[PDB]
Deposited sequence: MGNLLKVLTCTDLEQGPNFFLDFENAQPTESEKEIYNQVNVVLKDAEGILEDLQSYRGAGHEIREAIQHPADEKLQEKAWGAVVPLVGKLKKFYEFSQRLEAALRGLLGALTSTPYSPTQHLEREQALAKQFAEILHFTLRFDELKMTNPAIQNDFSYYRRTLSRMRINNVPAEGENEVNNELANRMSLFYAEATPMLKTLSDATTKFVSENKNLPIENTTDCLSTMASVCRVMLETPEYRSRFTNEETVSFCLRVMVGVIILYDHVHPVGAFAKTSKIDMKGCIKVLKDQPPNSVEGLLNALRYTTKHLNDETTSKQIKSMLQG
């Protein structure tokens, strides 16, 4: 499946950020090695220190290429009725969440480019008496202030540029609608006081079920129908992820305050909602 293609690479995302934060570098060993070129004993300590760091930098770069390939593979499936387009929006939010941290840590860490530059500077020296083509791409990767954002933006623009028949809106709509719903969740009006972190998450669950029930009543086909925009099966699963004590009020509300739940057309898998 190419729908959990981005989720498969994100498995190691926590490990990448954890390794990137712990990346102290080897600026001290590199510096003293340059200060005393002739000291071969000190050149070994510097070179020996660099190997570990480069291997992690290659591990970080290769991750961005897999994440790039996974994102384009995800956008590729867009092309090919009953389009599950939440995958696009869900995985966009997930990789962007990771992307902001990766860029933030790299941004404020000049040791990364320092180490790398030394590494390829001492390869040449060693040329006198990793893959070379890969190293050049890696050099250009870490040269940027925001490598991941640059990689994502380039990858998405590469997709739309070689899919000109599809308008920019198709792919950029999810990105603009997500920012408006977030504002709805996070924005606090004048009439009431600001919600807590517990209330905003609670609120978010209520509106989700709230708009579904109101949509079910006003929209002809409803929220339960096979040819619906709601995709409830997924919305109920999110509710049953939550503690049983929490969301019982919302869970019940769907059971008896809907319109097209009990009608014949509704799936019997959706009806699987009991309580004791």
Gaps relative to the deposited sequence fall at 1-33, 114-120, 170-178
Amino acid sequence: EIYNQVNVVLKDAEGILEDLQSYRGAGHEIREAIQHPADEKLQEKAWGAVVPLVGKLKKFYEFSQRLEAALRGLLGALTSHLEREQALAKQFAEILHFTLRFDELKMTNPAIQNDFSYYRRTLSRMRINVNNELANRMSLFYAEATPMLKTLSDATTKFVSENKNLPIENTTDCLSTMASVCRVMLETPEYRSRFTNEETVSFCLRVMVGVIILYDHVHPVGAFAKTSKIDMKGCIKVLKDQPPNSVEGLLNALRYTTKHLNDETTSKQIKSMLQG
From here on, numbers count along this sequence of modelled residues.
If you average the Cα B factors in the entry, which is higher, 204-212 or 34-42? 34-42
Output the stretch having the higher mean C-alpha B factor in the entry; the candidates are 63-71 and 242-250. 242-250
Per the PDB entry, which option out of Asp103, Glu133, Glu199, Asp115 has the greatest Cα B factor? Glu133
Top residue by Cα temperature factor, when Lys158, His97, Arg84, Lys164 are compared in the entry: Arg84
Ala223: which third of its chain by C-alpha temperature factor? lowest
Going by what the PDB entry lists, where does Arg127 fall on CA B-factor within its chain: lowest, middle or highest third? highest
Per the entry's values, where does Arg183 land by CA temperature factor relative to the rest of its chain, in the lowest, middle or highest third? lowest
Rank-wise, by C-alpha B-factor, drop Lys229 into the lowest, middle or highest third of its chain. middle
Temperature factor at the Cα of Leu17, chain-ranked in thirds, falls in the lowest
